Amino acid sequence: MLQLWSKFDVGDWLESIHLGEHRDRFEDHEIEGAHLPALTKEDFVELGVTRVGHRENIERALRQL
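Residue numbers are given in PDB author numbering: position 21 of the sequence shown equals residue 21, and the series is strictly consecutive.
Here it is as structure tokens:
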């Protein structure tokens, strides 16, 4: 479950939803599962998720969780 994911698990989840291109930068920023729901648009841009569609897919995958 989400709250228990390590930074590496977050990276694997990103890959599972076809956003693996962002895992290295999420890993470098030590993003863990518990952090995901609170990340803002600005945090995502800082993590390099600059495409609106990617951010929308991240949110959609979080809701589906």
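Quick reminder that beta carbons are idealized off the backbone N, C-alpha and C, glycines included.
(message) Does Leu65 pass the burial test, meaning 16 or more other C-beta atoms within 10 Å, or should it be called exposed?
(response) exposed
(message) Check for me: the alpha helix (DSSP H) holding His54 runs from which residue to which?
(response) 52 to 63
(message) Looking at the secondary structure, which residues open and close the alpha helix (DSSP H) in which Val10 lies?
(response) 7 to 16
(message) Considering Cα atoms alone, identify which of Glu32, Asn57, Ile17, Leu47 is closest to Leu4.
(response) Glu32
(message) Between which residues of its own chain and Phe8 is the CB-CB distance below 8 Å, once the five residues before and five after are set aside?
(response) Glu27
(request) Determine the direct distance from the alpha carbon of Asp43 to that of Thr50, and round the result to whole angstroms. (result) 10 Å
(message) Assuming residue 68 is part of the alpha helix (DSSP H), what are its boundary residues?
(response) Here the chain has residues from 1 to 65 only, and residue 68 is not among them.
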